[PDB]
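Contents: one structure, followed by commentary.
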Ligand SMILES: Cc1cc2nc3c(=O)[nH]c(=O)nc-3n(C[C@H](O)[C@H](O)[C@H](O)COP(=O)(O)OP(=O)(O)OC[C@H]3O[C@@H](n4cnc5c(N)ncnc54)[C@H](O)[C@@H]3O)c2cc1C
Ligand SMILES: Cc1cc2nc3c(=O)[nH]c(=O)nc-3n(C[C@H](O)[C@H](O)[C@H](O)COP(=O)(O)OP(=O)(O)OC[C@H]3O[C@@H](n4cnc5c(N)ncnc54)[C@H](O)[C@@H]3O)c2cc1C
Ligand SMILES: CC1=CC(=O)c2ccccc2C1=O
Ligand SMILES: CC1=CC(=O)c2ccccc2C1=O
């Protein structure tokens, strides 16, 4: 199928970069794969609207067309990013802000939202340094993107994979987490 | 006391802009107040680090020095923003990422984190279209910034003021909300002081 990897990290020799390689290398050659490196793209995450440039027409903003086109083309989205302050890094938050706009990703109905990206699925791979037991007692940590961003847009299902205590553990342990990510990627 | 309002909205004629105006106008004159319009500042919310520019050095990044010094100066921070996708607009999220860095806003306890912004308190003013009953149940909606950002950095107390069904309510009801903001603002006072 058509696969869009949206990758978020400033350092090309990061552990998250390593996670990107695992996915790319283990994705079947039957898939058609494009990677969107937000940092390398120099993506501008700051959403702007006014009376001059109306919110209503955010769906037709020229600079964002390439990214709208990438999302519409994809059948399965894979997000790779570290948890910064319980959440997506700013560049990735703004990818959503700017690209997932009304009349493109969803529309307003009588009561709530109507999703428009149906037929689409996603996989979220997050890294962070919070222990696994602590996780029921925390806000977001990938759950906002999954539960309150991708789902409302009709994208289903969404698998959320957290690699936890990621700095406290050993290289050895991180290699094992890399192996499982490769494994999971293989069985898609 | 020293009050830093961090304001986040791309539209100078937005409702959020009206909330800012209500806050600025109703703060006691005994306070020294500084407003940081992230959008007017053309704030770059994209945190950069790598081999060349180590994460270790972030608390010494040049462009962000203006914004570290504002935080240090403040006794009280008021955050004003619309909820976008359950949380802070990207530009404000990057404000946290780039400014509230290790060795400035916090550092590492033998076990967890040690906040470095003690002596400060905050007020978060949010707008959104979700019913208030849903607030205890939705992820974030200002709860991350209050509970998992400001608190760990040793900022306390933190007041969370949510203006709900903001676009669904009437224009009289929105004006009523503005009155509520103005009145809370008038009560931002040092202990045993009255509003000047
Ligand atoms: C602004 C900011 C905010 C943060 N807020 C949160 C908070 O809300 N929640 C909390 O849980 N965490 C928080 N953190 C920490 C963050 O989640 C981690 O730093 C991150 O998830 C690790 O991913 P990375 O690619 O950046 O790791 P890197 O720093 O690149 O590497 C991490 C570790 O893996 C190693 N490594 C790299 N490659 C390999 C390999 N091939 N094999 C084995 N090991 C390897 C490294 O050498 C290192 O020890 C925050 C960090 C920042 C900078
Ligand atoms: C990218 C994006 C993502 C979003 N995600 C979420 C979601 O996660 N959850 C959901 O609950 N919300 C969501 N929203 C909606 C958002 O929270 C609201 O649009 C916002 O909070 C309203 O504040 P505003 O300043 O932008 O409103 P504005 O559009 O600027 O104005 C709103 C209303 O108030 C009126 N008004 C202006 N001034 C006054 C005044 N002085 N007195 C009385 N009325 C006045 C206006 O004329 C108007 O009818 C999202 C919006 C965007 C753009
Ligand atoms: C809540 C939180 C905030 C951080 O800035 C942070 C930075 C580095 C490691 C862990 C953390 C963390 O758990
Ligand atoms: C989940 C969600 C996402 C939105 O983009 C949004 C936009 C405008 C009003 C409400 C909402 C909302 O409830």
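FYI, it's all coordinate maths here, none of it is from the lab. Virtual Cβ from ideal backbone geometry, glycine too; neighbours counted across all protein chains shown.
The table below gives the values:
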quantity: Cα point-scatterer Debye curve for the range A:139-183, base-10 log of I(q)/I(0) at q = 0.18, 0.21 Å⁻¹; calculated: -0.67, -0.77
quantity: Shielding by partners, peptide A:76-85 (average Cβ within 10 angstrom, other chains); calculated: 2
quantity: Relative contact order for chain B, counting Cα pairs under 8 Å that sit 6 or more residues apart, in percent; calculated: 26 percent
quantity: Helix-only mean residue ellipticity at 222 nm for chain A, each DSSP H run of n ≥ 4 adding -39500 (n - 2.57), per residue, nearest 500; calculated: -7500 deg cm²/dmol
quantity: Projected area, mean over directions - the range B:28-105, Cα convex hull, nm²; calculated: 6.3 nm²
quantity: Volume of the Cα convex hull of the range A:1-56, divided per residue and given in Å³; calculated: 100 Å³
quantity: Using alpha carbons only: equivalent-ellipsoid semi-axes of the range B:1-146, gyration tensor based, whole Å; calculated: 25, 19, 17
quantity: Cα Rg, Dmax, the range A:62-174, angstrom units; calculated: 15.4, 53
quantity: Kirkwood hydrodynamic radius (C-alpha pairs) into Stokes-Einstein, the range B:27-73, 20 °C and 1.002 mPa s, D in µm²/s; calculated: 165 µm²/s
quantity: Space enclosed by the convex hull of the alpha-carbon atoms of the protein assembly as shown, per residue, Å³; calculated: 145 Å³
